[PDB]
Each structure stands twice: as C-alpha cells, then as structure tokens.
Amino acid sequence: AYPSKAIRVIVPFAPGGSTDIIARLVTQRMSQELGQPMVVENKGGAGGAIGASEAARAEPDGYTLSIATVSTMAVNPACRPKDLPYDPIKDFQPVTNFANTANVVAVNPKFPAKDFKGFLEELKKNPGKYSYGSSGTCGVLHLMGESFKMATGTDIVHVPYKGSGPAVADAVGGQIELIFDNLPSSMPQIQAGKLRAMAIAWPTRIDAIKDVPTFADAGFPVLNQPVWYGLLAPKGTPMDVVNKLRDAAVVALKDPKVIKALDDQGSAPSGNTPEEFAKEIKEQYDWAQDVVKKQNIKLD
C-alpha cells in the first residue's frame, strides 16, 4: 500500500529559492504523516523547464513528484510555445496547492529611494542603467520584471539566474541593484536589512513587513498578482495516491509550526482540492498567454 518506499520530490529551481523553501517545509511534515521519506531533488535551469520536463517523464506510480510553480505551469508554456517539452496541464495530475505566495520588488539598500514613489523617479532618471535579477528567462519573475517595466514606463536590464537563490545573493551583494522575487527567499534579507522591499504582490500588507505597500497601494493594481506552490504527480497516477498525498498535505498545513513559517515568509496555506488547483493552474496559464502574446510583453 502506497507509500512503501521513499518519494522523490523534484524542485525545478536551485536551492534557497521560495520553491525550495516551501517544498522542504511542507514535504518534511508530510513525510512524518506518510511514514516514508520525501526526498527533495533540486533540478534548476531554464526557468524551471529542465526540472518540469523531467518530472513529466516520470512513471505515474506516485514515487516521483514535483513542485508546481507559476513559472512551470504558466509562463514557460507562454515563453516557449513550440518547443517546451511538456504540456503543464495534460502531463500532470494536480494534487494540491500548498500555499499562496506574495511576490516582491526589492532593492539593494544603497539604492537612493525609500519608497515606491522615489523608486520610480530614480529609475525614470536613469533608463537602461539599473539591472534586476530573476529566477530565469521563461519564469514568472522575468515576466514580473517586464510587466513592471511596461506598466511604470521604466527601462531596467534583466539578468536571469538559475533561481532566486543566486539572485538574492547578487542583489544583497550589489551585483544587481534590483530583484524581482517571490517573497519567502527575499524575506530573511529584508528582515536583516540587507534588501529593502519596495512593494509586495498580495491583497494586503503583510505583518512581517507591515510598512511595505502592495502594488495596489503603490497605484499599480495590475501588478498586484501573487503566485503559489503546489504538488504534482505525473498524469495517470492513481487517485488513491493523489488522495493519500493530499490528505498528508492537509495534515501538514494544519501544523502550527508550518502555519507560522508560511505566515512569516509571506505565504498563506491553501490545501485545496486537485480540481481547485487545476483551476488555479489554468487561470495562471491563460493569464500568461494573455500577457505575453497580447499586451506585447517580450520574454525572449
């Protein structure tokens, strides 16, 4: 009876990004429930395409799973419409959305602005001179940066990384002045004062960082789109497996230490149904097609 051995969990991004952070937090606690190890494998590269394509080829037995991200479910498909080696919707069985997650635009603290208003002013006075990091060329944070540029009338230079892990460290080091990130990986640095957050993408301000406005507060509600992290199995994985995993996710997401960690990092638990997640996946997918194809926001 499932599970009788270790479950591989593929994270399609480098260590120390939000995918990796949330993946390890939630599967650690799921594992305790399932009575089998869940072993995280980081497979970063190409905005999540490398790792997602690999997860898509796995046998549908439930022992090779992967972390859904907006990069892998929505933006990569839209960025590489002819040659992406997986269909996000047809090649995966959704299990559950772990968490809804805030995005953030942050700066190195030497950046000469203290708020979003002066942030825009500074960028407008220097078109083409500042650069920003992302988690990859066909990922949600590259699309975030490009969306920002279009909506605010700014010109800032994209520098992709193998995930936000290495991006956060370059932004903290000053090798890039700006970073577009999912909040959890930037959260420790912001708390420590090593980055300054300009805006978050979230329905409201977040208690961890109460003084950072949302993009809607900043006067750019089109930019106020969060992301999410969830669990995927290959298409054809039995419902027995899906419901077992989802149940363990639901238990894990009620754990008060997991609730706190999610809260503190800039996320909120979901633990919704496979179908509710599939609907979220389709929403993001459709939105990325809209944004990239209509609206003329170029990724490559």
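Throughout, we count residues from 1 along the sequence that is shown.
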property	result
110-118 or 176-184, whichever carries the higher mean Cα B-factor	110-118
Given 258-266 and 62-70, the range whose Cα B-factors average higher in the PDB entry	258-266
Residue with maximal Cα B-factor (values as given in the PDB entry) among 149, 90, 205, 196	90
Selection from 214, 76, 101, 135 [criterion: highest C-alpha temperature factor in the record]	76
Third assignment of residue 14 from its chain's C-alpha B-factors	middle
Among modelled residues of the same chain, the CA temperature factor third for residue 245	middle
Third of chain Cα B-factors occupied by residue 231	lowest
Among modelled residues of the same chain, the CA temperature factor third for residue 288	highest
Third of the chain, ranked by Cα B-factor, where residue 222 sits	highest
